[PDB]
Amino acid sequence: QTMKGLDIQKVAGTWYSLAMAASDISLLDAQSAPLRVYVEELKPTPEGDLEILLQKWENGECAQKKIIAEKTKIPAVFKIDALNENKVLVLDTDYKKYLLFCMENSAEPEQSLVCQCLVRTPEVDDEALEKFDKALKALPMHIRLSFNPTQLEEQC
């Protein structure tokens, strides 16, 4: 269930991964889990696409990856070719503090679905988390994580 009337230019800026959940434990289990990725920045292009910058722990370092997400007919859905995923779905956002999204591989969402709650500032927003829990109440998540401000402000 996606966001209607998403205006992608309004999401430009820094965001922090406050919480994440996945359908399969192995997607997020351990710092090295595939899909254990922390958003740094959202950069909409003038043409309506989205560049998403992220931190991912690889060999001891905290690496940076840049995913290009292509727009589709639906403003809230994008196409990607990264992390074995092929779709980005924006669930909800008030632009000013939180944004909820999921990635998945359309071929097999059950082994693919990972969602995140993003916040603008490195603070824990209990409202954003509440919205996140509701949106996930219907989904098959087997692992959920939430970070504190200390972790929010460190690379990876």
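All residue numbers are counted from 1 along the displayed sequence.
Student: Sort the modelled residues of this chain by their C-alpha B factor and say whether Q1 lands in the lowest, middle or highest third.
Tutor: Highest third of the chain for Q1's C-alpha B-factor.
Student: Can you work out whether the C-alpha temperature factor of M20 puts it in the lowest, middle or highest third of the chain?
Tutor: It falls in the top third of the chain.
Student: Using only modelled residues of the chain, where does the Cα B factor of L50 rank: lowest third, middle third or highest third?
Tutor: For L50, whose C-alpha B-factor we compare with every modelled residue in the chain, the answer is the lowest third.
Student: Comparing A63 with the other modelled residues of its chain, is its CA B-factor in the lowest, middle or highest third?
Tutor: It belongs to the lowest third of the chain when residues are ordered by C-alpha B-factor.
Student: According to the PDB entry, is the CA B factor of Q116 in the bottom, middle or top third of its chain, that is, lowest, middle or highest?
Tutor: Its C-alpha B-factor belongs to the middle third of this chain's values.
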